[PDB]
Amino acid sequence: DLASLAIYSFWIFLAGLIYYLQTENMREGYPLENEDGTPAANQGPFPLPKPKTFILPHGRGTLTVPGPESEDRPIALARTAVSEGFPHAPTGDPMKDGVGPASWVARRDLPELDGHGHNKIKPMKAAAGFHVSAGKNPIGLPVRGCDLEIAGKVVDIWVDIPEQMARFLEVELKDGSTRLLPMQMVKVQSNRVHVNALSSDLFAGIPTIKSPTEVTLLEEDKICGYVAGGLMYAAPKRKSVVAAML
């Protein structure tokens, strides 16, 4: 029966596709490791895929995966139990050490370029023609932290050019310097911009950028990682929803 042969074949095909799909998704993170960093005995039933090479744009190099794990910076965490499967507590300040919800990856310390070779992200003040087209313009608004204290003011928007979208808000602190706040971690309101992940006192700690006109991938990650980590690590200083409605 032709139909029976078809269904029979499909399942063989499907099992093979899944096999193929699973291996392709092992180009990052594998081989697996034991918590001490050594190769774990059980790697699973799927073998690592054959390497492939990505040729990066504007000659920024190549990427071959799978390959040796790129993470080699110190991880400020210590075992909490003798057996495997347990948490690892931060040895110092997780926010400053970059661990847990505050982790960041050592990405290439260069800004991302668009297809025309120009910086993909730019302060709006320096993006010819870019303007706020709709919604409440946050520029000029005071920025509030979860402790309900003012942490600074919005002095510009950093736009993704190709996507024509707002990626970060540039906030000036009391000392006159500025920090980049992830756009999807702020709430723009009528009289101000509210940041739930951070208490005013933690803004100064937000990693800074070398050049004030651009931001690199490495910096993006440090900024994004730090801001998110605040949700867990700044909770003690985060005022309730009640005091907020006041």
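Only the largest set of C-alpha atoms that superpose within 1.5 Å between the two forms is called the rigid core. Residues carry their position along the shown sequence, with the first being 1.
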{"property": "Stretch with greater C-alpha deviation in 9 other deposited structures of this protein, 187-195 versus 36-44 (rigid core superposition)", "result": "36-44"}
{"property": "Higher-deviation stretch (C-alpha RMS, rigid core fit) in 9 other deposited structures of this protein, choosing from 210-218 and 25-33", "result": "25-33"}
{"property": "Of 221-229 and 7-15, the one with larger mean CA B-factor", "result": "7-15"}
{"property": "70-78 versus 126-134 - greater average Cα B-factor per the deposited record", "result": "70-78"}
{"property": "Residue of maximum C-alpha B factor among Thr213, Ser200, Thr62, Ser177, per deposited coordinates", "result": "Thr62"}
{"property": "Entry-reported Cα temperature factor of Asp147, expressed as the chain third it lands in", "result": "highest"}
{"property": "Entry-reported Cα temperature factor of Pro101, expressed as the chain third it lands in", "result": "lowest"}
{"property": "Chain-relative CA temperature factor third for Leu56", "result": "highest"}
{"property": "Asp160 - which third its CA temperature factor falls in, relative to the rest of the chain", "result": "lowest"}
{"property": "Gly140 by Cα B-factor - lowest, middle or highest third of the modelled chain", "result": "lowest"}
